[PDB]
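Report on one structure; see the data block that follows.
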Amino acid sequence: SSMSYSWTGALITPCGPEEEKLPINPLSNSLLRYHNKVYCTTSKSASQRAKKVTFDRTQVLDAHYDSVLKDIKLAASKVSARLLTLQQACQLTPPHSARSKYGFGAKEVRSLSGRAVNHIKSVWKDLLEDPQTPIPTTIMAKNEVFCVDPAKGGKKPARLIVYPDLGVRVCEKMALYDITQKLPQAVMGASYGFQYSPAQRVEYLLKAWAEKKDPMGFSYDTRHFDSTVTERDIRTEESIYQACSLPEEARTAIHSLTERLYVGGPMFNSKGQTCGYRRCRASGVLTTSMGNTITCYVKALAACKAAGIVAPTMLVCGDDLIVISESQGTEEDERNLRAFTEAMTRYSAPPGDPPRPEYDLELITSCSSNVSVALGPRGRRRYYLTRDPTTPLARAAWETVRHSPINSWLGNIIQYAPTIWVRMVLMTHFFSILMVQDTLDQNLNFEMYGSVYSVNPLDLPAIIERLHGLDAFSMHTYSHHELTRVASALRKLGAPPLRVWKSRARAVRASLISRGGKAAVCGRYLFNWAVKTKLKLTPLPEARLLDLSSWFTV
Ligand SMILES: Cc1cc2nc3c(=O)[nH]c(=O)nc-3n(C[C@H](O)[C@H](O)[C@H](O)COP(=O)(O)OP(=O)(O)OC[C@H]3O[C@@H](n4cnc5c(N)ncnc54)[C@H](O)[C@@H]3O)c2cc1C
Ligand SMILES: Nc1ccn([C@@H]2O[C@H](COP(=O)(O)OP(=O)(O)O)[C@@H](O)[C@H]2O)c(=O)n1
Ligand SMILES: [Mn+2]
Ligand SMILES: [Mn+2]
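Numbering (this note's numbering), first residue to last: 1096 to 1649.
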């Protein structure tokens, strides 16, 4: 049928400056040594990515898909959603959002300047009066930091990002923002992954595991997901949004955004040259996350039907998928999972890596993370979320004239506080750097799902206890897998071994305790693991006052 992209030959040119590594990395050169292994994806590689994601797609639906789709439009029909005011949409523009071709940017939009409000008024009117003219988009390479992997060909080529002008992005929010806050939950309920904190996500997976008589799990991820989304998929989501109770002015605009933007259109490089035509999902529109998650859920749940997965329990995060179900014996389980992949490939969601039944919760990795188990001092099993620390460490060492890694450090401390690598490596280096800079009580930003939250470093014991409980300060005995991976990745980046971080942490704890006050609380709670004779940690009164509800939602 249809090709995901077609190209003119104009290069995918860069969007501003692409930072150079510096000869000295002063904030992270005591964290790790192999800075040569830490790289940023660039627009140089956008053409290799463009080759990999360009392919003819043939999608064959069936009675299982059709049945799932009907059940989901019915669930959608219980949702009522309102237009956003143009002013409400403007105020949701992030402060550094790409400026507009029409002489204004995020600053003027968020301030409700008249020049911008006027322009966006006319963009909106044109949305309701013209249902068909394609909206131009810009294509840029994403810049993101990785560690080199010689197993996987060296350096990953840059992901492709496609977005329309800033005026249209505000209009998307008027039409569709309220649906993004309501649809995924109403359609998948507890299966919606972007509603769980790390501890809540572990609770959920453990609950699912324990109620199967004979549990079996697998994960799934689609190869180059946005390029596999077909024009029929994108119109099938217009009809899932339209299933809601909506004012007519929204319906018109949703239809027009679908036909003129979401189903495809022309792409321009940053020099204004025509770059190609797109017939798949543009990653950069407001509906990227909601479309990906709903379209993944319909296909995945359809394929489960097609393969006879029994009593499935799903957890869907974009195109990342976990299914825990009743095992039919290992021989049938392997057959079913082959059937699942075949169905998914027929629905145009072919796999990155072929899935495989597992019977141990630690062996299932999805959303870049997995469940692991540690004892305490009691011998009592405590379960937590963790991940390969390689990409976290690489981003910990990204240091340019324009980018500080310090926010990146805080983000992993909050999100993976119970892990051994956060406790022994990141926390130790974090507080070591801030004490020497004398910046312990200076606010940092925590970035999650678009939003930024203000965090004072000295409040981490309360924050961590509110998120992960007091067991995050007491994990005694980590798993063989977890010890092996953390030791491997430190070796892989030239960081000191865990024995060295234990020495450094004894020092950080001592200095923290000597400063008294809030710092000493950090020394005692965050570093209790490092002293021979453990203090008895008591619940922190501050933690009950904390509302972290919106931190891990959307
Ligand atoms: C709705 C949503 C909006 C986000 N907006 C921003 C932003 O504005 N600025 C910023 O710096 N970071 C943004 N992020 C990245 C976010 O903070 C997390 O880093 C992200 O969820 C990656 O999870 P992971 O690295 O642990 O594992 P991953 O495997 O990398 O991510 C898990 C799944 O979440 C989806 N996803 C991952 N990263 C993104 C992303 N940037 N945008 C959209 N979907 C993604 C994918 O479908 C992926 O399969 C966003 C993430 C989501 C889910
Ligand atoms: N930085 C990112 C990463 C993922 N995504 C979205 O999430 C989808 C799946 O992400 P992914 O990690 O599986 O990478 P691919 O499947 O695209 O190779 C993308 O195809 C994009 O639609 C995004 O919009 N921005
Ligand atoms: Mn994928
Ligand atoms: Mn993925």
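Ideal placement from N, C-alpha and C gives every residue a C-beta, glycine not left out.
Look up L1539 in the DSSP assignment and say whether it is helix, strand or coil. In this structure, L1539 counts as strand in the three-state DSSP scheme.
DSSP three-state assignment for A1605, whether helix, strand or coil: Helix, per DSSP.
For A1469, name the three-state secondary structure that DSSP assigns. Note: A1469 maps to strand in three-state DSSP.
Within the segment 1439-1492, note down every full beta strand (DSSP E) run reaching 3 residues or more, in order along the chain. Qualifying beta strand (DSSP E) stretches, in chain order: 1465-1469 and 1477-1481.
By Cβ distance below 7 Å, which residues in the same chain neighbour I1528 in space, the five residues on each side in sequence not counted? Here the set comprises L1122.
Considering only DSSP beta bridges, list what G1249 is partnered with. Beta-bridge pairing links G1249 to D1244.
Say yes only if the C-beta of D1414 is nearer than 7 Å to one or more non-hydrogen atoms of ligand 1, and no if none qualify. Under cutoff, so the answer is yes.
Every unbroken beta strand (DSSP E) inside the segment 1524-1585 [3 residues or more]: Taken in chain order, the complete beta strand (DSSP E) segments of 3 residues or longer contained in the segment 1524-1585 are 1539-1543 and 1546-1550.
Distance between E1333 and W1219 (C-alpha atoms, nearest Å): Rounded to the nearest whole angstrom, the C-alpha separation of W1219 and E1333 is 18 Å.
Which of the three DSSP states is assigned to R1152 in this structure? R1152: strand per DSSP, three-state reduction.
Rounded straight-line distance, which links the Cα of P1552 to that of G1506: Rounded to whole angstroms, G1506 to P1552 spans 11 Å at the Cα level.
Could you tell me the boundaries of the alpha helix (DSSP H) in which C1399 lies? It spans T1383 to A1402 - the alpha helix (DSSP H) in which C1399 sits, taken as one unbroken run.
What runs of the alpha helix (DSSP H), each 4 residues or longer, lie entirely inside the segment 1308-1370? The qualifying runs are 1320-1323, 1326-1337 and 1343-1352.
Less than 6 Å between C-beta atoms, sequence neighbours within five positions excluded: which residues of the same chain meet that for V1405? Taken in chain order, the residues that qualify are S1420 and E1421.
Any non-hydrogen atom of ligand 2 closer than 7 Å to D1244 Cβ: Using a cutoff of 7 Å, the CB of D1244 does not count as near ligand 2, since none of the ligand's heavy atoms is closer than that.
Skipping 5 residues on each side, what residues in its chain have a beta carbon closer than 8 Å to that of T1317? Result list for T1317: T1323, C1391, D1414, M1439, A1444, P1445, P1446 and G1447, in chain order.
Roughly how many angstroms separate the alpha carbons of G1288 and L1278, rounded to a whole number? Approximately 13 Å, taken between the alpha carbons.
Just to confirm, does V1282 get its C-beta within under 7 Å of one of the non-hydrogen atoms of ligand 5? For ligand 5, the structure offers nothing, since it holds only ligand 1, ligand 2, ligand 3 and ligand 4.
Quick one: grab the DSSP three-state call for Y1197. Note: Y1197 maps to coil in three-state DSSP.
Give the range of the beta strand (DSSP E) segment to which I1256 is assigned. Per DSSP, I1256 belongs to the beta strand (DSSP E) from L1255 to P1259.
Is it the case that the segment 1495-1505 contacts the segment 1532-1552, given that we only count it when at least three CB pairs across the two stretches are under 8 Å? Yes, they touch.
Taking DSSP as the reference, what is the three-state secondary structure of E1114? The three-state reading of DSSP puts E1114 in coil, since its state is none of H, G, I, E or B.
beta-carbon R1373 near ligand 3 non-hydrogen atom, thresh 7 Å: Not under cutoff, so the answer is no.
Return the CA-CA distance between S1101 and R1355, expressed in angstroms with no decimal places. Rounded to whole angstroms, the separation of the alpha carbons of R1355 and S1101 is 18 Å.
Measuring from the CB of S1464, is there a heavy atom of ligand 1 at a distance below 7 Å? Indeed, a heavy atom of ligand 1 lies less than 7 Å from the Cβ.
Cα separation between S1549 and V1517? Roughly 20 Å between the two C-alpha positions.
Taking C-beta to C-beta, are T1481 and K1587 nearer than 8 Å? Not in contact: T1481 and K1587 (Cβ atoms no closer than 8 Å).
Which word fits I1119, buried or exposed, when buried means at least 16 other C-beta atoms lie within 10 angstroms of its C-beta? Counting the other CB atoms within 10 Å of its CB gives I1119 a total below 16, which places it among the exposed residues.
Report buried or exposed for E1577, applying the criterion of at least 16 other Cβ atoms within 10 angstroms of its Cβ. Label assigned to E1577: buried.
Any idea what DSSP makes of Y1291, helix, strand or coil? Three-state DSSP puts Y1291 in coil, outside helix and strand.
Touch test, the segment 1268-1283 against the segment 1190-1208, Cβ-Cβ under 8 Å, three pairs minimum: Judged by Cβ distances under 8 Å, the segment 1268-1283 makes no contact with the segment 1190-1208, as fewer than three pairs qualify.
Could you check the C-alpha separation between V1616 and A1491 for me, to the nearest Å? Each residue's alpha carbon lies about 25 Å from the other.
Give me the Cα-Cα distance between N1465 and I1459, rounded to the nearest whole angstrom. For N1465 and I1459, the distance between alpha carbons rounds to 6 Å.
Is DSSP giving residue 1650 helix, strand or coil here? Past the edges of the chain, shown from 1096 to 1649, lies residue 1650, and the structure says nothing about it.
Note down the Cα distance separating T1331 from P1342, rounded to an integer number of angstroms. About 20 Å.
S1420 by DSSP, collapsed to three states: which one? For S1420, the secondary structure class from DSSP, reduced to helix, strand or coil, is strand.
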